[PDB]
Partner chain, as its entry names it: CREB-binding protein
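The chain below stands alone and is given in structure tokens; this is the form solved without its partner chain.
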């Protein structure tokens, strides 16, 4: 069968890598696998009946050093309330704002949140909003393996409590959070090493109850095509 289809099995858990930046400085990183997805919080803890594994963004610390902008960070964190939920259902990633901080998002490069022609949207409150569709990603990944397109983007970036930094250095923003579904990072890496030859390379999908796959470039491309045939497109 097609081992890549495990990505879309109802009940399957993806691993998400969450990395937080205060003023362009990495302050936190955690990898989460949970049937409920994840929920970014500032530790106003907090309603435990809220959905999602709570991912606590750290207090900036009480140093005199940098006290000004860090007090702004602390204020934003203190207003996160219920926070920012992110979870998977089907071929989609969904987000929802459960607290008071307006949050904007984009699917971007690993290292650069904003370029990017502005944000892809604002995370909604009181209902879920789709932030990522695996379907077009796989189509673009197939194109990538054929030499005909760019590396497909999979890094979700959230700007918390401020406008999206369009045409501004992203490092000026108080609270920026990157979430990478690590299966997608692995799929892109696997595509890059595929053209090395027709020997076998290993790809670790980083999903629940899954084993590292050893595949030839042909096998991999074949599985991607089969995977995309069973996915939903409008």
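Residue numbers count along the first chain shown, from 1. Only residues modelled in both forms are compared. We call the rigid core the largest set of C-alpha positions that still match within 1.5 Å between the two forms.
> Quick one: is residue 175 left out in at least a third of the other entries we compared?
No, residue 175 is modelled in every one of the other compared entries that cover both of its flanks.
> Is it the case that at least a third of the other compared entries omit residue 61, given both of its neighbours are modelled there?
No.
> Report the stretch with the higher mean CA temperature factor, choosing between 86-94 and 112-120 on the basis of the entry.
Mean B over CA atoms: larger for 112-120.
> May I ask you to compare 160-168 and 103-111 by their mean CA B factor in the entry and name the higher one?
For C-alpha atoms only, the mean B-factor is higher in 160-168.
> Considering only 199, 70, 41, 177, which residue's Cα atom bears the greatest B-factor as recorded?
Of the options given, 199 has the highest CA B-factor in the PDB entry.
> Where does the C-alpha B-factor of residue 33 rank in its chain, lowest, middle or highest third?
As the PDB entry reports it, the C-alpha B-factor of residue 33 lands in the middle third of its chain.
> Going by the recorded CA B-factors, say which third of the chain residue 17 sits in, lowest, middle or highest.
Within its chain, residue 17 is a lowest-third residue by C-alpha B-factor, going by the deposited values.
> Compared with the other modelled residues in the chain, in which third is the CA B-factor of residue 65?
Residue 65: CA B-factor falls in the middle third of its chain.
> Taking the C-alpha B-factors as the PDB entry records them, is residue 190 in the lowest, middle or highest third of its chain?
It belongs to the middle third of the chain when residues are ordered by C-alpha B-factor.
> Ranking the modelled residues of this chain by C-alpha B-factor as given in the entry, is residue 46 in the lowest, middle or highest third?
Answer is highest: the recorded C-alpha B-factor places it there.
What follows is about the form deposited with its partner chain bound, which we do not show.
> Of 184, 57, 179, 38, which one comes within 4.5 Å of its partner chain in the bound PDB entry, counting heavy atoms only?
The option sitting close enough to the partner is 184.
> So in the bound PDB entry, does any heavy atom of residue 190 sit within 4.5 Å of its partner chain?
Looking in the bound PDB entry, residue contacts with its partner chain include residue 190, since a heavy atom lies within 4.5 Å.
> Quick check on residue 84: any heavy atom within 4.5 Å of its partner chain in the bound PDB entry?
Looking in the bound PDB entry, residue contacts with its partner chain do not include residue 84, since no heavy atom lies within 4.5 Å.
> Although its partner chain is absent from this view, report whether residue 142 comes within 4.5 Å of it in the bound PDB entry, heavy atoms only.
Close contact exists here: in the bound PDB entry, residue 142 approaches its partner chain to within 4.5 Å, heavy atoms only.
> Might residue 194 be said to contact its partner chain in the bound PDB entry, defining contact as any heavy atom within 4.5 Å?
It does: once its partner chain is placed as it appears in the bound PDB entry, residue 194 has a heavy atom within 4.5 Å of it.
> Just to make sure I understand: among 11-26, which residues lie within 4.5 Å of its partner chain in the bound PDB entry, judging by heavy atoms?
Stretch hits, in order: 11, 13, 14, 15.
> Of 203, 188, 27, 34, which one's CA moves 2 Å or more between this form and the one not shown, core aligned?
Comparing both forms, the shifted residue turns out to be 203.
> How does the CA gap of residue 32 and residue 62 change in the bound PDB entry versus this form, closer or farther, if it moves 3 angstroms or more?
Distance between the C-alphas of residue 32 and residue 62: shorter in the bound PDB entry, by 3 Å or more.
> Versus the form shown, are the CA atoms of residue 185 and residue 198 closer or farther apart in the bound PDB entry, given a shift of 3 angstroms or more?
Here the pair is farther apart than in the bound PDB entry; there, closer.
> Tell me, which consecutive runs of three or more residues change place between this form and the one not shown by 2 Å or more at the CA, with the core overlaid?
The segments that shift (3 or more residues, C-alpha shift of 2 Å or more) are 7-11, 62-65, 196-208.
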